[PDB]
Structure formats: structure tokens, C-alpha cells
Amino acid sequence: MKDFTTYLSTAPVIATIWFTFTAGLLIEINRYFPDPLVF
Amino acid sequence: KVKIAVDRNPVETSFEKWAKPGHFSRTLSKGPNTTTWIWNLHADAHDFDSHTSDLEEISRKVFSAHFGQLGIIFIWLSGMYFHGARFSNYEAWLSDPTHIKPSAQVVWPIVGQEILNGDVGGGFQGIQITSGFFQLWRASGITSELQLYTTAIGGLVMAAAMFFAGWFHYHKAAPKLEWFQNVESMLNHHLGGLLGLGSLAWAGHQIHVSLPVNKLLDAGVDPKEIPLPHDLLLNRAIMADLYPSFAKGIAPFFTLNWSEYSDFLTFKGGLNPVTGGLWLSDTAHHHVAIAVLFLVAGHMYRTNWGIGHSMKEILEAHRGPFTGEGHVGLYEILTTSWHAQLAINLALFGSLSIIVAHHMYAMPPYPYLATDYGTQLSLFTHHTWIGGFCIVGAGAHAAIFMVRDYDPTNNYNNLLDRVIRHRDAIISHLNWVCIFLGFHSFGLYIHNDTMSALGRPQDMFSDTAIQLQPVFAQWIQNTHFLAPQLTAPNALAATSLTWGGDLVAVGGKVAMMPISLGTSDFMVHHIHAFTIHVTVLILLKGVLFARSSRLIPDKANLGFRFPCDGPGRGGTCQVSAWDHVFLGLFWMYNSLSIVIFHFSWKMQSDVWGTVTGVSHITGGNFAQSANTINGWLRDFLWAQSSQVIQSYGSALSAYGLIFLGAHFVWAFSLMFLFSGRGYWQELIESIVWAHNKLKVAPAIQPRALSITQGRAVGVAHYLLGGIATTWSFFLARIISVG
Amino acid sequence: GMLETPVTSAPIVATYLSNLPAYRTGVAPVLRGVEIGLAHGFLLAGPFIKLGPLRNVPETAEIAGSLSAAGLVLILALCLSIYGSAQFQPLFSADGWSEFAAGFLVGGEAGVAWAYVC
Amino acid sequence: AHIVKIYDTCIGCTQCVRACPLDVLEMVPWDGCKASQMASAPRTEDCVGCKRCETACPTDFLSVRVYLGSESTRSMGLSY
Amino acid sequence: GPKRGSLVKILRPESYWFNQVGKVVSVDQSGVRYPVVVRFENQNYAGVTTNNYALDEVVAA
Amino acid sequence: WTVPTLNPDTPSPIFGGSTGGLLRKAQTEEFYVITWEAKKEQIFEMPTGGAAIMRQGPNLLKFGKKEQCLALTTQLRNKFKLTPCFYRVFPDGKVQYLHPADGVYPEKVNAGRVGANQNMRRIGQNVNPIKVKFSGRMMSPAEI
Amino acid sequence: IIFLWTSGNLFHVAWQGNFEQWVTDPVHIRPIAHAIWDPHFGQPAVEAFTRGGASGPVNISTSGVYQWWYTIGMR
Amino acid sequence: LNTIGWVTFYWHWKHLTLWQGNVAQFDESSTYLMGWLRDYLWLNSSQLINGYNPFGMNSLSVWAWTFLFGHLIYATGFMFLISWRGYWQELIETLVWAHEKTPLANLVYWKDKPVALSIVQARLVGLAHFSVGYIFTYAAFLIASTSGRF
């Protein structure tokens, strides 16, 4: 389990999780606030 | 003695080596110091020969890898069936195949991408799919979304079984090397069980499920009203109502009175006129014959009993005066080198995929397929590309064998040796014939361009000026069309409409008509011959000179993949066989792009179109326009690019976006192909200085990509760009004019 | 060692190559030139007549084709002369190659004129 | 002929000599390094300029240098 | 010059590790021209981490 | 050690004949002749492509360029533990021995070799290209 | 070479162009560069490149030399 | 070449929309690259590529031929740009073998030994073909579109 957490701490897995979080956050913001251009 | 041989518990299942990147390589297990390491880690991840010298461990690794691939493919099939059941218009399409467009992908309503869900009919909105799954599913007799859902669950379960099989046969019970080396037994089991029992069980499903359901679908009864398949197995009286042969049961089979099975095992030929596909009775007879043939073929090699042939004995028996020892040593080569096997299997698997493309366009096997012009173009093009890639791969792994596994002290005056020993003659003759083909094939086009530009059309190579008729192909075509009358008496029609004859139309569209070959067809076929010969030249030169040349006498010691041997001796860039694969990749792209252009223009000009006479999609301009480059430039690319360039504001807008994106990626590749890593390393030096100034220089040192990686990135973005460009062009064109 | 093939080491091939006029080793370079020219101009007169730009006009197709064949024979004789001027500074000498090129000019023009006189 | 030079940073590791595919370099007695060995290039007329020696040299910077010069039939690696 | 294990700073201008810091392995006491063996925790483009230097090319910093 | 002589009457390895052998350079300019003595009959790899059987005793091959003889020397020296020497032969008949020109192989030091092409300075101690402008030719600053 | 280039432009305009006809109405008349002699042509090409007002096939110049020469005083 | 191609695409399309009368077309379509590819390159090359066709020819056939000529020289430059030396050196060595072994053509021999082009020469020849094709393609397109539509 320690080795599995080290594997999850490796670089492409963290890039995948972090870009999934960032893309989902932007997707959620563009859903609930549709089409923002200003402010 | 053929038997099961297995080692118990060789490799422990543990997450430890997941947490140590590059564990498999003694060099890469030291850790990263520069950025090059990462790329190496992914490049050498699956090169199992460079991991261990033990053929057994390598063989086990490739076995479990193959299981992983099969599990991935099963996940993919599961996905296609599930999306076909849950997010499609398949039932509506079943109720009206001629006026509903097959769609099995829907997009979510965010950031305006909702427009991609277009009006495909059936009260549905989505992206029209061109994989041909709907026609496959109707041909298999599927009628409801529930059956597709159950197929999805089944394929997912099978994927879990494949990944368990991988884990099991690597970590728990891993086969021994003498298990893997039982190639005679492997051929017997694969020819009998795989191909033989495969086509036998499929013919079983066809005869018992496909034929009645599709006979009712062609009769016109509502799919929901059609009896479920299990009722067809259960009550043989219904089977006897549709085909009275089934009343007598399996008595004519065992009593050898097979003529009474003529209701569902036919030899009609042609296409089903109300449906535009091959007769499923012909397909059932075909799979029964194929089954019996392969089950006969699978009992050829000796295993644990005296009967049966021996592969090494058949090889060592064929020796002549011209070739010396002949096929001696080839058995030893093909039972110890995975790369040789991969070369052979890739060559025939690619060639087979190209044959699949041609035979599936020419003899449409699925119902309502020939008139789904987008599906036909997509399938032909796709399988042609897959084919070409596998051929280039064959050349690659042939060369990899030549460098790593070739050992002449078991291979001394042999077929392979003599080929190596007269390679200069081989390459020089191939060289000359490539230049000859290039000059006369391309020169006719340049000649025509010049004459047309100079206002002298009577001096061109065309059907009205200096004619160059494909007399041989026309003769073969005529013979094929006249074959049912004399040389195939039991055939009611020719095997394909393209030989000649009448015209089969479905829903006002042309399914297939006779294809005529003239001067333009002569010219494109010799262009094809030229490009194929050049690709063969590059790849074959790569494999024959992989070990040595007059330039690099000891090239074998430098490996398969290496940048060069320095700027000396005039310059030795791209001397490696890998670099020959790299150039062969570009030439393969060239060849197959002209092939799919030939197919697209010829079908839209002389075959497809609506029936009122037939009004073709491009009016029949091929015969007069396909003799000049300006003709291809204007009447094909420029003319048919209208749909892609004006696809904005509609559901096809994604094809415009991917048109532009693909152009961009193609161009982006030119930086890697045209430049070199010295410049980039120095640029990175300046940038590293800037990062050092602000205490943000990484501990893993930024390095420019290697020479070979620059070439690899280059050719990959080049192929992706060009192929995706033609993809967007093709799909937008054929969907809007289809 | 050199690879053995029927093509490079056949006796009929050796006799045919020894009988062709570029090999006899004791005939004059003028004679070799006029024989090679009588062969090559006679074969070269054909495709200009049959496929040239005036091929569909009567009585002038053969004239224009033979005239273009004579022009190409003149270009080939100039090529032979400059090849000899570059290479050599009995057939493989400066005087011998100049004799051979003049013989090729004469024999090629004679071969074109005999392919017309037809 | 290509210009091949040896510089006094040589540590006599013999790597360049065993990397040259042409037998151009050799090791001579010397006193400037602990190995008491120095490289030397007495046969640069047969040098093609492949720079395997430069790839094999460990010192930073290089102790063997190949300056590509005028080409001959031996330096172009021609067999014809 | 500097003793074993001490940190120096390289001032040979064409070195890869010029204006940077390494660690002394040994200093040879013969008439060798470049006796100071310095190891570096990062590799050059050749993948080498060790180089000989002179007494006036290293500064104990 | 004395400089050995070429014996042209030395038996050659068993070889069926490649298309990658000699050309007109061997007849006009030079070709090279490699000679070794084997301990047993054994198959090796020809540098021009193909396989060949070396004889038991004196062997003799002839190649076009020098790197072919070096490649066969490296193969016979690292794979078979043999000691070959290859010569340079002209169409005059002039025979030029080399490798090992000292008799001892160049990968080890031998007393008596004169050091050639040795700059007694660093590479960073070279002059600038302004200091070598307008000589009789193109010069690099490392030439002086 | 530059002055021979300029003298050649002047000579080919003066012999094969329409400068004296261009200066009468330089809005509707195209500036001829030089005449075409190409024996590889056909009669449709000769008729097509024979634009006007010229005898045979011409090229229409896009180098501005008629405008420059007319402004600096050539007539 | 990229930068001057950008500045002259921009110059030419803004002036074509000034000369036709609809500067609104440039002001609307200039803000997106599909508007570029559709309304400049696809649109203004309609009379260029109709310079010759199977119905006849007209005065723009020299510019259609030169347009294809520039595309061809550009493409030929890509060969020297992508493929490098040692491939061609091995190919030329097999050609040297074939010529020296062919009977009745080995009576003719070269004075200069044939070798593949060097690395620097290859870069120069590829950049030269690339540049000449670039120049001829845009010259043919610009002259033919402006002269055919005005």
C-alpha cells in the first residue's frame, strides 16, 4: 500500500489527476456560469 | 513429445516495482539525471529482448502482453456495443435503414459543442458514425438494444477474463520455453480450433439465427414482431416454414443427401436486390466450406502420434541446384527469434487487411452497406492504412532480426545467405525499375500537364488522344463476368457487379455498378506500382544492408537504432535500418494517400450516385480529368474540399476544426524533420541560464531530444497530420454529399 | 570471390559479347563507329516519326522525324567528342575516340537516311 | 586529409584508440599523466573523420579533436 | 592543493562545470599537469561526472 | 619483431562469392590484403556481407577500403582471439605493411613510438581565427 | 550587370510593347512586357496569349516600368 | 519566408477586399484562420487553376502551370530537407557496382567519382528548392488572382 501510494505519487499519475481536477473545475465553472467573456 | 510445461509462481505480484520507474533496465534503474531518461523509459519499456537474454522469460512477457492487448480490445468492443445500445438510434434505423443515418455518439450540452448533435433522423440527435456497426448488427440478426447491452456485459466480462489470464500466465503459472516452441502443435490448434471452429460456430449462428431474422427483415415484418432467436432454435416448425429443408432435420447431413440443403446453402452470387448486400445463404455456405477446409488443414503436423508432417523435414526436403542448401536453418530461425515471426506475420496481416479493404468494397457483405457511401469510404480507407502500417512494421522487425538474431554459423550457404550475398544486384535492379516506373508513370502526367497548358490536347495521353487502354485488366474483367456461363456452371450470377452486368440499387442510390478501366485507370495503377516498388526498395535495402555496407562495414555492432557514424567519410546520417523504416513510413504515406484518393474519386465519379439514368456524385469527370495533376488539384482536392471548408455553423464543423488542426500538426512536424538537436540544445542552454538566474533550474537536466527521437517525433506528427487531414476531408465530403 | 550467375558466365553470352562491334579488338575505331551509328540511327528514326508533334500530318511526319533523329545523332556525336576530350588527355585513346566519334556521326546520319529512304 | 590533434589533458585511458575504426591513433610514452601514456595521431592520412575517438574521450573538454579538412579517396571512405 | 572531500569551484572556462561547485576526490603529488580529481553531482553531455583540473583552475569555495 | 612479407600464394577462406567485393579501385588505385593464421576451421562473418569458413592455418582475404580490414580484424580479434595483419597493395605490386605497424597493437604503449600531432596545451589555449587570417590556405587556429 | 539588365528592360519594352499606345489611355490598356516565341505552343495558346493590341503572343508586365517611365517623362 | 508570407497574405487580402469593395469581408473573416483558408486561399484560386482544363485554356494557363511548378519544387526540396546523406551514399555505391559490372556500358567510365551530396550542401539544395517553390507558388497565385479578377 505504501508502494501503491508511491506509484500514485509518480509524475504521470499526478499529472493525470491534477489535470483531471483542473479541467473538471473549469468545466463545472463553464456549466454553472455559461459563456463568460468579461469581468 | 508435446505436453504442457509450466513453472509455478515465478514472479510475485507486488506493487514494489510499480514504485521504481525503469526497474526493467539495468541502465535506467539508476534513476534520472537528465530528461533523456524519461524518453528512454518509455521507448524501451516493451523491448523485452533488451531486458533479458533468456528466451523463456521474453516469451512469457510477450504472452501476457498479448493477453493485455486482447483485454483492451474486449473493453473497446464492449464500449461500442454499450454505446450502440444506450446512446444510439439503432432501432429507428432498423425500422428505416434508407432514410436514417447511423449515429451512436452524443455530446453533452456545454461550451456550444451541442451543435455537433445533428439531425440524423429517428427522433435522435448525434454524430453520424461510419464504422459500420449498425450494418454488422443487422446482419447478425440483432434487433433490440437489450441484446447489444448483454453483448456489452459479455465483452466486459471477457476483458476481465483476459486480464486475469495475463496476470495468471505471468505471475502464477507461466509457460515454459518448450511449451512456446511447439509450433507444429500451435499450427494444428490454431488452424483447427481458431479458424476452423470459429467459422464453424459462426456458420452455426448464421444458419440458425441470421438467415431467418434477416429473411423476415427483407420480407418487411416489423423487427419487434419478428420471433426472438431462441424460439427459432426451439421450434423447428418455424424454420421449416421459412426453409422446408429444416423439416428433414440433420438426416440429409448424415445420409450425405446434402443437395436438400439448397434452401439456405446457396451459390447465387451478386447482391440481394432489395438489400444491396451479399446473400446470407451464400455467406453461410461459405463459412461451412471454410470451416471444413480449415479443420482438414489443422491435422497436418505430427504431435504426440506418428501421423502428421514435420516442419523441419518439409523445409529441409526442398533443395535445388540453384539455391544450394535451400530452406535449411529456417526452422531454427523461426522457432528462436520473435522478430522474424513478427516480420512474417506483420507482412501477411497487413497485406490481408488491404485485401479485406478491396474485397469488402467490391462485394458488400453487409445489408444497407453499399449505399452508406460514408461507411464504404471509411472502411476501405481505414483498413488500407492499417495494412500499410503493418507492412512497414514487417520491414522494421525483419531488420531487427537481421541485426540482433542473425547468426551465420548456423546459417552458412542458405537462402538468406545468398540473398545477403547478391544484395547489390537486388538493390540495383530494384533501383533501376523504380526510376523507370517513376519516369514513365509520372512523366505521362507531366507530359499531359504540358500539352494541356500549351493548347494541344490532341497530343495528350487520354481516351480521345493517344490511348493507353488496360487491355489485360479489361480481359480479366470480361472473363470474370463470363465465368458463370462456362467455368462456374453452378453460379447464378457473377461474384461481383464490378465485372459487368446490370445494376443493383437500393432506396434510389446505386449500390454497385460495372466499373470501367481506361487510360486514367492505367495511369493510376502504374503510379501505384511505382510507389509500392519504391517503398519496397527502401525497406528491403534497409533489411539487406542492416548489418554491413561498403560505407559502414561493421554497421551491425552499432545496433538497429542509431543516429549515424559521424560526419566523416563524407557523412553517414541515416545509415541505420531504423532510418530506413523512417523513410519507408513517409513513402508508405505517399503511396496509400494516392491509393485512397484513387478510390474516393473513382467511386464518386463512376459508381455512386442516385438513380432517377444514374446521376453520379461528380458527374463522371474521372475519365477525362484524372490524366493531369491540375485535374486532380482542381476537380478532386479543390472541388471536393467545399464541404469541409464550409462546414462551420453545422454538425460537421468538427471536421473543419480537425481539417485545420491536422494541417497545423503536419506543419508542426516539419520543425523536427528539418532541424537538428544541436541548435535546440544550445537554445535550451540559454533558457537554463534564465532559469538559473531565478533559482528555478530543475535537478533533472533539460536536454534536447536525441537525433533519432527528433526523427521519430517528426514522422509521427507528419503521419498524424496528413492522415487526419485526409480523414476530415473524406468524412465531411461523403457525409454532406451522401 | 565473385558471384556466379548464368547471365555473367555463359558461353553463348561470351560469344555474343565478343561478336558485338564494341569488342572485336583489331577492327578500326572508324569501322566500329560507322557500324554502331548504322545500328543506332536506324533504330532512333522510328519513335520521332510515329509519336512526334507532326505525326498526324501526311508526307511530313517522316521528314520531321528523320530530321529530329539526325539532330539527336549530331548531339550524340558532340557528346562522344567531349567525352573523349575529357577522358583521354586503340579505341581507348584520344585519336582513336575522335575517329570513333566521327564514324558514329557518319554512320548515324547514314542510318537515318536509310531509315527514310524507306 | 583531416586534422587530428591531441591535447595535454589526455589521461591515457586508450578509449579513443580502441574506438577508431581505421587504426590512426596510438599510445606513446609520456610523463604528463598518472597513466604515463599519451595519444598520438601519426596516420591521419587514413582518417575519415567519423569522430568515434571524440565520442570515446572522457575528459571535459575533449583531448582529441578532429577538424574536417580536404577530402581524398581514403578520407571519403570510398571503396571505388 | 585542496584536501580530499572539500568543495571547490571550477574556473576552467571551457569546462562543462565552469563557475559551479564540485567535490575533490584526490590530488596527485607527481609532476602530472592536472592532478586535482573533482566529482560533480550532475553529468555533462557525455554522461561523465568526473574531471581532472589544475591547481589554478580550482578555488576552494 | 621484423616487418613480415605478403605471401600471395596463401589459401583463402571458403566463400561462394559476393557482389560486394572489389571494384575498379582495386585495379587502378589500391586494394588491401588481410592475413591471419587460425587454430581451427570455423565460420566467421564477411564484412562485405555473407558467411565464410576460415581454413585451419594461413588465411587470406582482399578488400577494397581500410575500414573493412579493421572490421574483420576487430571481429577476428575480439571473437576468435586471433592476431591478423593487413597490408596495402598497389597495381604496381608495391606492398605496404601496416597494423600492427610497430608489431605491437596500438591499444597499448610501446617504447619507441614517436608522438605525432600532439598540441602541448589545452583546447582553450588556442588562438582566435583573426590571428590566422590570410595564410596560404584555410587554416584552423589549432593547426599552429 | 545591373545596367545591362535595365537596358534590356528598356529595349524589350521599346521593341515588343505598347508604350506609345498605353500613354493614350493608361486605364484600359495592359502593359506588354515582351513577345513570346515558343515553338512548343499550339494555336489555342497563340490565340490566348495574343491579347491586344499586339501581333503575336505577349506577356503583360507587372513591374511598374510603364508607370515609372511615363511619370519621369518618356512618351 | 513564413514571416513575409504572413505579411503579404495580409497585405494582399486586405487590398483585394479594398479593391472589390467589401472590406467587411476582410473585417469579418480575418479574425479566424478558417476564414483565412476559405475566403482568401480557396476563393481567390478559382480562376488560377482553371487556367487550363479539359474544356480548353486561356491566358492564365502559364500561371496555373507555374503554380503547380512551385508546388513541385517545394515538394522536391522536402526530399533534401528530410532524408539525409548515408542512405543516398549506400544507394550510389550499389549504382557504382551496377555500372562497373554491366557489359557494354562499363566501356564508359566516370572521371569524377560519384558520391552523395554532403550534409551542408544538402541543406543548401533543400533550402534552395524550398525557397524557389515558395516564391513561384505565391507569385503565380498573386499575379493570377489579381489579374484575373481585375
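Going by the order they are written in, the chains are A, B, C, D, E, F, G and H; count residues from 1 in each one.
Throughout what follows, a contact is a pair of C-beta atoms (placed from the backbone, for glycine too) under 8 Å apart; a residue touches a chain by one contact, two chains touch by 3 or more.
Undergrad: Give me the chains shared as neighbours by chain B and chain F.
TA: Common contact partners of chain B and chain F, which must touch each of the two, are C, D, E, H.
Undergrad: If each hop has to land on a touching chain, what is the smallest number of hops from chain C to chain G?
TA: Steps on the shortest route: 2.
Undergrad: Of all chains present, which has the mean Cα position farthest from that of chain A?
TA: For chain A, the chain whose C-alpha mean is farthest off is C.
Undergrad: Take the average of all CA coordinates in chain D, do the same for chain H, and state the distance between these two points in whole angstrom.
TA: Roughly 45 Å separates the two chain centres.
Undergrad: Determine the centre-to-centre distance between chain A and chain F, using the mean Cα coordinates as centres, and give it in whole Å.
TA: That gives a centre separation of 63 Å.
Undergrad: How many angstrom lie between the CA centroids of chain C and chain D, rounded to a whole number?
TA: Taking the average C-alpha coordinate of chain C and of chain D, the gap between them is 53 Å.
Undergrad: Taking each residue of chain G in turn, which ones touch at least two of the other chains?
TA: 44-45, 48
Undergrad: Can you list the chain E residues in contact with two or more other chains?
TA: Each of 14 in chain E touches at least two other chains.
Undergrad: Mind pulling the residue numbers of chain C that touch at least two other chains?
TA: Expected reply: 3.
Undergrad: Can you name every chain pair that touches?
TA: After working through each pair, the chains in contact turn out to be A-B, B-C, B-D, B-E, B-F, B-G, B-H, C-F, C-H, D-E, D-F, D-H, E-F, F-H, G-H.
Undergrad: Once bound in the complex, which stretches of chain C touch chain B?
TA: Its residues touching chain B are 3, 51, 53, 56.
Undergrad: Going by the contact rule at the top, pick out the chain F residues touching chain E in the complex.
TA: 122-124
Undergrad: Where on chain D does chain E make contact in their complex?
TA: 8-9, 11, 31-34, 55, 58-61
Undergrad: Using the touch rule from the top, collect the residues of chain E that touch chain F in their complex.
TA: By the definition above, chain E touches chain F via 12-14.
Undergrad: What part of chain F is in contact with chain B in the complex they form?
TA: Touch residues, chain F against chain B: 16-20, 42-45, 47-51, 53, 64-65, 67-68, 70-72, 74-75.
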